[PDB]
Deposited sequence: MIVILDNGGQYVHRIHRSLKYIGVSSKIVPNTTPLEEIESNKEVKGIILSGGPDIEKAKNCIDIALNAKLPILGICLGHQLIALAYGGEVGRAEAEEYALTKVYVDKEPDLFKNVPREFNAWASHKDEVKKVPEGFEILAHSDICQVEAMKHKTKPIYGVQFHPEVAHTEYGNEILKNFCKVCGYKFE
């Protein structure tokens, strides 16, 4: 089971819905839910940080990013949270298909073409990647469309693989759930 931290955004139901579609159980929890509570449930094999309108209403997500022992996928505000939590740079709203380019055969993008259209808003973005992170994807308007901690199962995407307008969105979720011990025949 995957725990989804409700950072207050519009597509949280969509994360739950899309995980169910590919065979993955998930529970939406208030974003104040303590890390200990999340990892004490032996059924939990990973954590998704959702999108949300305000970085300051999601500061619990910092302790989780720093200290969780489980895999983490941060989505939009979730990705920006992972970045600030590890000393990187976030900074400054409508939703559109963005052409994203994959950088160099990361697992996050197994079975995804080198280019694909991603449902994204760039209200904000990671301006500078934390030390010890690598960039996994970019576009013409955003240098950091996806990233990963080089030594930890911690993944960041600026876009919404949960929304069906994202090409291979369900393949990106499969690739992340693969890290949480799931197999997709």
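Missing C-alpha coordinates mark just one deposited-sequence interval: 93-95.
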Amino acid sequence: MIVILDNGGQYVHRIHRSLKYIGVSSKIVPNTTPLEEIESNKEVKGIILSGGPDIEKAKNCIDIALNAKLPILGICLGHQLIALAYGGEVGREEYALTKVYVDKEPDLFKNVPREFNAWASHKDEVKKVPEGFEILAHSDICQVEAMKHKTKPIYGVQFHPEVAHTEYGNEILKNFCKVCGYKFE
From here on, numbers count along this sequence of modelled residues.
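Higher average CA B factor: 140-148, of the stretches 140-148 and 26-34.
Higher mean CA temperature factor, per the PDB entry, when comparing 114-122 with 66-74: 114-122.
Sorting the modelled residues of the chain by their CA temperature factor places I82 in the lowest third. When the modelled residues of the chain are ordered by their C-alpha B factor, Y11 lands in the middle third.
Sort the chain's modelled residues by C-alpha temperature factor and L49 lands in the lowest third, per the entry. Among all modelled residues in its chain, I135 ranks in the middle third by Cα B-factor. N41 sits in the middle third of its chain by CA B factor, as recorded in the PDB entry.
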